[PDB]
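J.:
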Amino acid sequence: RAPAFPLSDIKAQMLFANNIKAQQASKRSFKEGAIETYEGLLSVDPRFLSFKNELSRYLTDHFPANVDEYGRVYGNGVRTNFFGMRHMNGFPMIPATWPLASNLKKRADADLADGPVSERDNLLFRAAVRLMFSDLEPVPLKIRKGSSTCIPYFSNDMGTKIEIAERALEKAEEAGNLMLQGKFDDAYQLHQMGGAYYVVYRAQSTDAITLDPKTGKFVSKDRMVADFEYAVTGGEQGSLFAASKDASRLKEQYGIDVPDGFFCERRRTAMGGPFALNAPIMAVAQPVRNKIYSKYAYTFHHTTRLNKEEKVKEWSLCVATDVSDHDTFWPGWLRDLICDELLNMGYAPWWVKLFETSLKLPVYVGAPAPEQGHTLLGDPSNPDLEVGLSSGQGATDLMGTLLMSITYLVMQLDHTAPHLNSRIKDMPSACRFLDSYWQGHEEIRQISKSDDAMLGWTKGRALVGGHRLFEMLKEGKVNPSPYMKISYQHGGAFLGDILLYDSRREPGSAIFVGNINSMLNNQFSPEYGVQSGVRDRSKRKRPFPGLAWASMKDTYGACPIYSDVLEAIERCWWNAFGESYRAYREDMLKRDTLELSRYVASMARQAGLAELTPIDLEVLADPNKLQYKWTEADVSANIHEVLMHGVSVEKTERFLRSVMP
Numbered sequence: 003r004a005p006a007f008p009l010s011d012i013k014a015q016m017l018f019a020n021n022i023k024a025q026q027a028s029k030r031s032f033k034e035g036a037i038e039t040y041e042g043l044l045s046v047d048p049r050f051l052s053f054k055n056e057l058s059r060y061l062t063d064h065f066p067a068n069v070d071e072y073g074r075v076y077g078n079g080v081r082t083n084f085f086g087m088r089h090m091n092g093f094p095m096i097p098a099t100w101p102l103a104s105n106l107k108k109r110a111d112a113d114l115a116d117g118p119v120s121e122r123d124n125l126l127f128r129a130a131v132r133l134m135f136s137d138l139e140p141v142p143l144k145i146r147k148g149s150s151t152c153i154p155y156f157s158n159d160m161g162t163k164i165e166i167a168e169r170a171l172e173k174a175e176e177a178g179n180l181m182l183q184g185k186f187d188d189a190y191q192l193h194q195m196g197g198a199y200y201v202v203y204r205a206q207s208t209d210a211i212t213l214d215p216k217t218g219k220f221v222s223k224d225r226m227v228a229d230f231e232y233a234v235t236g237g238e239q240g241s242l243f244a245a246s247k248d249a250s251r252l253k254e255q256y257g258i259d260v261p262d263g264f265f266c267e268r269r270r271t272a273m274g275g276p277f278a279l280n281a282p283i284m285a286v287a288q289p290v291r292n293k294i295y296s297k298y299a300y301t302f303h304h305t306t307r308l309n310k311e312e313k314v315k316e317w318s319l320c321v322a323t324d325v326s327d328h329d330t331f332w333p334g335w336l337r338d339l340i341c342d343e344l345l346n347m348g349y350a351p352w353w354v355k356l357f358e359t360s361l362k363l364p365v366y367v368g369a370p371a372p373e374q375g376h377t378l379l380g381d382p383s384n385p386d387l388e389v390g391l392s393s394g395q396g397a398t399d400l401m402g403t404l405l406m407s408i409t410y411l412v413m414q415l416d417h418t419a420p421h422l423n424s425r426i427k428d429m430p431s432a433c434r435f436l437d438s439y440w441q442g443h444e445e446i447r448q449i450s451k452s453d454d455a456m457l458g459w460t461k462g463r464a465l466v467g468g469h470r471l472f473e474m475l476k477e478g479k480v481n482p483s484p485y486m487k488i489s490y491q492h493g494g495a496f497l498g499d500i501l502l503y504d505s506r507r508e509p510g511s512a513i514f515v516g517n518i519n520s521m522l523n524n525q526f527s528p529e530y531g532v533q534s535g536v537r538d539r540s541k542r543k544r545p546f547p548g549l550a551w552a553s554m555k556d557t558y559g560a561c562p563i564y565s566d567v568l569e570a571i572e573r574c575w576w577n578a579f580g581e582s583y584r585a586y587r588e589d590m591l592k593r594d595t596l597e598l599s600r601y602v603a604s605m606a607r608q609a610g611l612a613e614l615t616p617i618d619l620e621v622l623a624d625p626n627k628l629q630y631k632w633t634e635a636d637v638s639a640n641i642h643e644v645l646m647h648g649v650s651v652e653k654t655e656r657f658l659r660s661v662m663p
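Take the position in the sequence shown, starting the count at 1, then add 2; the result is the number in the entry's author numbering.
1. Residues in the same chain with beta-carbon distance under 8 Å from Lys-29, minus the five sequence neighbours each way, listed in chain order, please.
2. Using the Cα positions of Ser-296 and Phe-53, report the straight-line distance between them to the nearest angstrom.
3. Would you tell me roughly how many angstroms separate the C-alpha atoms of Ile-340 and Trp-332, rounded to the nearest one?
4. CA-CA distance, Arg-128 and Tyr-439?
5. By Cβ distance below 6 Å, which residues in the same chain neighbour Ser-207 in space, the five residues on each side in sequence not counted?
6. Indicate whether the contact test is met: 3 or more Cβ pairs, each with one atom in the stretch 275-294 and one in the stretch 358-367, closer than 8 Å.
7. With DSSP run on the structure shown, which of helix, strand or coil describes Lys-427?
8. How about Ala-189 and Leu-102: do their beta carbons lie closer than 8 Å?
9. From which residue to which residue does the alpha helix (DSSP H) around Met-134 run?
10. So, using beta-carbon positions, are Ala-24 and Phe-156 closer together than 8 Å?
11. Straight-line CA distance for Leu-619 to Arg-656?
12. Based on the DSSP output, what are the partners of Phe-7 in its beta bridges?
13. Indicate the three-state DSSP secondary structure (helix, strand or coil) for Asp-248 in the structure shown.
14. In the DSSP output, what is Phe-243 paired with across the bridge?
15. To which residues of the same chain is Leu-658 closer than 8 Å at the C-beta, ignoring the five residues directly before and after it?
16. Check whether the Cβ of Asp-504 lies closer than 7 Å to any heavy atom of the ligand COA, and answer yes or no.
17. Buried or exposed for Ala-560, going by 16 or more other Cβ atoms inside 10 Å?
18. Which residue's Cα is closest to the Cα of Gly-237: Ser-392, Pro-547, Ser-483 and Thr-330?
19. Below 8 Å between beta carbons: does that hold for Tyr-203 and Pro-364?
20. Grab me the residues of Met-521's own chain with a C-beta within less than 6 Å of its C-beta, minus the 5 sequence neighbours each way, in chain order.
21. Grouping DSSP H, G and I as helix and E and B as strand, with all else coil, what is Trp-317?
22. Using only CA atoms, which one of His-469, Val-637 and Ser-599 lies nearest to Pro-616?
23. Along the chain, which unbroken stretches of the beta strand (DSSP E) at least 3 residues long are found entirely within the stretch 274-350?
24. Taking the alpha helix (DSSP H) that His-89 belongs to, which residues open and close that run?
25. Is the beta carbon of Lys-144 sitting closer than 8 Å to the one on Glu-634?
26. Roughly how many angstroms lie between the CA atoms of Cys-320 and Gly-117, to the nearest whole one?
27. Does DSSP classify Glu-508 as helix, strand or coil?
28. If we call anything under 8 Å between Cβ atoms a contact, is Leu-182 one with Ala-432?
29. Any idea what DSSP makes of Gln-25, helix, strand or coil?
30. Just grab the DSSP bridge partners of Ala-205 for me.
31. Going by beta carbon distance, what residues of the same chain come within less than 8 Å of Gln-533, once the five residues before and after it are set aside?
32. Bridge partners for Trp-459 per DSSP, in chain order?
33. Can you tell me the Cα-Cα spacing of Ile-96 and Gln-15, whole angstroms?
34. Within the continuous alpha helix (DSSP H) that includes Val-412, where are the two ends?
35. From which residue to which residue does the alpha helix (DSSP H) around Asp-556 run?
36. If we count the other Cβ atoms within 10 Å of its Cβ and call it buried at 16 or more, is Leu-436 buried or exposed?
Okay, here's the thing in structure tokens:
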């Protein structure tokens with residue numbers, strides 16, 4: 003069972019400093035309302051909604067899903083209905099989940115392992131730790147403009163952020179040693195290292211909606227949540243249940259006109275780490291990213307639809323997998339292991355302790371619903387929680403990638419290629435093998451990022467075992483892993499590019515195309531408003547929205563029905579506004595192209611987009627994509643300086659050298 007204090011308790015109060023930003027954060031009440039979809043257009047504007055009720059129905063009709071029995075996608079590229087867009091962007095289901103303080107029961111009830119099951123698996127996890135954290139070169143600690151330091155300051159000043167990071171890099175050592183000693187309160191008071199994650203509820207603009215041919219009414223995918231008693235008990239007491247996506251309450255509450263077949267948004271839980279403590283972790287995490295995106299680029303570094311295509315064209319079989327609820331399942335033990343293995347490689351203990359702690363931290367629940375929240379979970383005097391992989395941690399992507407790359411490789415040895423086991427006998431041989439495997443130099447292969455992956459087999463011994471494995475997934479009565487709950491993607495795709503199989507149904511004669519449905523998501527169901535109130539556009543969640551139109555053709559244009567869908571929009575837009583969408587988006591293009599030349603140094607006063615990668619555009623349109631789809635390397639140096647700002651390398655270098663071996 004888990005400790006839980008109210009905002010009034012000192013342990014709560016101590017999480018927010020004596021200033022307005024912070025205090026408001028502690029009290030923050032349920033907040034809810036429409037978004038400025040584009041400049042001067044509301045997500046709920048009745049004209050826009052009509053455009054949506056029409057465009058959704060039309061495309062769903064005249065282009066249903068081309069996905070075969072083996073979750074392979076062919077023909078038109080369409081892998082589902084277009085009813086996702088049918089939400090009142092800006093209004094949550096009530097209530098949102100309370101975050102579960104311990105996933106141990108969740109995991110055992112789901113028949114998953116409490117540690118590496120074989121001595122071989124134990125070697126492979128620990129091998130990954132060594133390859134990944136081995137030969138790191140110090141880089142600048144890059145920071146994102148207009149992002150909250152969270153506990154305890156909640157600042158946004160890039161000024162104040164650097165001063166905080168630089169500080170935390172000097173006093174990181176003193177703070178770690180403090181915790182190795184069990185003086186957790188002490189470290190947090192002297193250097194803001196400790197405390198808690200702050201729970202914000204980001205939204206998921208587009209979730210399953212379907213049409214029941216029988217009734218004629220619409221159905222939103224129920225989304226199960228926990229109440230407080232469920233969250234603190236690990237699942238023991240309290241209840242689980244579907245949240246109320248019903249959007250009717252808006253007509254009475256705000257007298258907003260709600261058309262038939264429109265529902266509230268899904269709210270995903272999301273966390274903010276005490277920056278004091280993320281800084282030392284990112285100082286290592288970033289150099290790490292750099293090693294595996296270079297040396298091990300086959301399996302880890304992915305850019306365009308053709309970057310991926312080259313790799314999978316040489317496969318004889320391509321199985322696209324798909325993990326369930328990856329984050330809240332991530333095993334507490336993988337952390338204790340990764341930490342033990344680092345300690346051995348010769349990482350400073352104090353740093354390893356800071357790392358360990360960033361994973362067992364308490365969480366402040368903001369406001370899940372009206373009349374709720376304002377509660378701290380777990381005692382910060384002695385961090386014990388087992389929350390899964392905490393979304394705001396300094397290294398979340400690495401923890402996800404390391405856990406899953408080894409899970410998939412294991413699932414491959416287990417089911418298709420027993421003959422290789424003999425290559426894994428001790429630590430060095432383990433490493434020598436993994437190194438070859440990750441470079442793609444073996445008859446089995448993976449491309450992955452955390453929970454998206456495609457697994458491949460080339461002509462060889464393993465090859466037939468692959469088809470059996472695949473078959474076990476199509477049937478799907480057994481889970482092919484001990485570690486997580488795996489299965490096959492229905493209409494497979496990798497990092498938002500769909501895999502287009504032809505008549506052959508072979509990875510040699512297939513191609514990667516843009517997901518057309520993701521265009522409709524980025525354009526009519528954005529995650530945030532335009533923030534026309536924020537002067538500095540580099541701080542906005544969407545700095546230059548109009549630019550996405552330049553890089554649009556370049557991105558989705560390979561999609562089979564690109565042509566059609568643009569016309570579908572244009573017409574449905576016309577019907578609903580008495581305007582040309584194309585025009586609209588074109589004007590918006592010229593505007594932001596100019597506005598940009600103010601933010602870009604070298605460009606400017608009217609020079610155009612000539613020198614910019616399609617990526618560059620998509621990223622400037624949704625910098626959120628830089629945080630899951632691409633990375634610093636994929637974005638033109640000068641564009642990078644618009645969105646991020648770093649800490650002097652003379653300082654990361656000096657710090658990194660007291661951490662590593």
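Beta carbons are placed, not taken as given, at the ideal position from N, Cα and C, and that holds for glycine.
T.: Answer, in terms of the structure:
1. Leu-9 and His-376
2. 45 Å
3. 13 Å
4. 15 Å
5. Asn-91, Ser-527 and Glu-529
6. yes
7. coil
8. no
9. 121-134
10. yes
11. 35 Å
12. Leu-378
13. strand
14. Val-227
15. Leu-138, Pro-140, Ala-285, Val-286 and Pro-289
16. No copy of the ligand COA occurs in the structure displayed, which carries no ligand at all.
17. buried
18. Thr-330
19. no
20. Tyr-558
21. coil
22. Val-637
23. 319-324
24. That residue, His-89, is in no alpha helix (DSSP H); its beta strand (DSSP E) goes 89-94.
25. yes
26. 29 Å
27. coil
28. no
29. helix
30. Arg-269
31. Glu-38, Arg-542, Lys-543 and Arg-544
32. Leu-319 and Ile-446
33. 27 Å
34. 398-418
35. 552-558
36. buried
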